[PDB]
Structures are given as C-alpha cells and as structure tokens.
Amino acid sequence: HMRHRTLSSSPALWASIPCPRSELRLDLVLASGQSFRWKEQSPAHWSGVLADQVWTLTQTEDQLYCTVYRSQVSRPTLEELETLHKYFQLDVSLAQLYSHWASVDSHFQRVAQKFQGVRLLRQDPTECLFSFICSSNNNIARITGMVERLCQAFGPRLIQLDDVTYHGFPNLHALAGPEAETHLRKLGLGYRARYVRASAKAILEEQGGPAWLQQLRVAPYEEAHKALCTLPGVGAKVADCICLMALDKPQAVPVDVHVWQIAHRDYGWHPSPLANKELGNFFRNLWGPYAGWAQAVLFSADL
C-alpha cells in the first residue's frame, strides 16, 4: 500500500542539494558496478537502501532531489542530507579532477567529454566487501540479484514500496552462521557462498569484528590492501575495489584483464600479479592520487 515516490506524486517530501550534472550523473553512477543496491523503479527515479533507510533520488540539471522512507512521512533532515552528501563525496570537485586528468591524458579528455558526473560513492565497508566477494566471474545484473537475495534472507526487513521489499545489509554474525553457506548456495551464489561465510567468520574471529574495517579506512592504502588480501575470496583486484570504494583510498586502481586491454589498446602500454601491480602503478603515475576515480570514469564510459 506504500508506493515509491516520484517528484510529481509527492512534492512535499523532497529536499534538494545543489548539484550540477557535471558533478554527478545518477544514471552513470548508481548501476555502474560500484553499488548493486539501486534501481530505477520509475523513469529517472533511483531507489535503494543506505543504512536502515530507503531513498529515492532524482535530479535536474542543477539540483539533486532526494526523499527518505523510514515515523510519519517527512522531508529528509539536515543530518540525513549530510549522509547523502558524504555518500556522493560532494566535497570533492569532480570538474577540477576531470581537468587535472585531461591535462596529462588526451584519451581521458576525449572519453570524458560525453561522460561527466562519474564519481565514486563512499560505501559502507561491510556491504562493499561482501558485494565484491560476489563479483568474481560475474556481471552487474547477476551480482545485483545475489546481493538482493542475500539481504532478503539475512538482513532486517525495512519497508515495502509497491511490490519491492527492502532489507538492510546483514551483520557479520548473520553471515557467519553454520547454515549460512548452504543457504547462500540455495540463493545461487555458488562457490562465492563459501567465501562470504568464511570472510564473515574470519573478520569476527580473527580480526575482532567490523571495527577492523573502520581501522583499514584510516590505515594507509598498502596496509589496507594487504590486510584485505588475507580474507577468503579477496585477492588484489577485489581488495582494490574495496580500498577505492569504501576505505577512502582514491589512488587504488583495480586491475583485471579489461584494464589491460584498455591500457594496451588506448595507451600503448606493455609490461600476472607483478605486471598487474605495475599497471596500477602506471595509472597512479599518470593520473595522480585520485587515479581510481579516473578509472571509474573510463569504466562508466565503457558501459
């Protein structure tokens, strides 16, 4: 009986954040393989869960409109609005980064002209870690399915809008239980079910809980990366995604075969674990300390 809001349907329940579409394009960020929890439930309107709350987001050329579902219905609070400002990292100027990258990279300049407003979300470490464990040998639509079924089966029910039931991301204890792997295989995760259960268990038992991920957020990149790579199902590529996307390491550059292809084809680059590391160093040396943000532009431009 509760329905997803549109800007038309519910004018009184939207706040706005001044946001040029050069600083953020929702449609190039929210289903571009960073977060797997946003869906365009009606045209130009993106709905998904942030913490214990559902949001719907839409934008004009100059304004980002948001509405939150929790309580009697009301507009987002200043605090809730600050959460969203932090999630999109809107303190950082994307126009200024784009021009700094273009100054040393003509390929980026060409490719970025049509793909403005591609920025990096600042994601919850737990959600990001388990989402990217599920991302091995996978595509966006299937990862999206696995994450949603995982949240339904293990996370707290938040609300229903139209036919969509929203759940919070599970805690580690929920993912670490004795039937968790078997249940996750029923939900279609395959071998990734093992890594989910075992990484939840590892963080709880060997690292002291989720405070450990917050510690990695403040630790230096190389230390964070090394620490993540001790987890089941987390190798260099996945660790770099998490570094970039959840641990505030903007220089982290995830290297897979697709980045090799681009580097070789579009940059003329020529040199395994060692060469993958060398390629990440190449892009840091070229673009600087926000190299992973630059790569996100190219990734989201290639989609």
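Residues carry their position along the shown sequence, with the first being 1.
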(Q) Are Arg265 and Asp266 truly consecutive in the deposited sequence, or are residues between them missing coordinates? Give the number as none, 1 to 3, 4 to 9, or 10 or more. (A) none
Q. From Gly235 on to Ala236, does the model leave out none, 1 to 3, 4 to 9, or 10 or more residues of the deposited sequence?
A. none
Q: Please work out which of 15-23 and 291-299 has the higher mean CA B-factor as recorded in the PDB entry.
A: 15-23
**Q.** 151-159 set against 106-114, stretch whose average Cα temperature factor tops the other in the entry
**A.** 106-114
Q) Which has the highest CA B-factor per the PDB entry: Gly48, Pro273, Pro250, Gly33? A) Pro273
Q: Pull the Cα B-factor of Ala198 out of the PDB entry and bin it into the chain's lowest, middle or highest third.
A: lowest
Q: State the tercile, meaning the lowest, middle or highest third, of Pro125 with respect to the CA B-factors recorded for its chain.
A: lowest
Q: Name the third of the chain's ranked CA B-factors that contains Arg75, choosing lowest, middle or highest.
A: highest
**Q.** Chain-relative CA temperature factor third for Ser136
**A.** highest
Q.
Lowest, middle or highest third: which one holds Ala44 when the chain's residues are ordered by CA B-factor from the entry?
A. highest
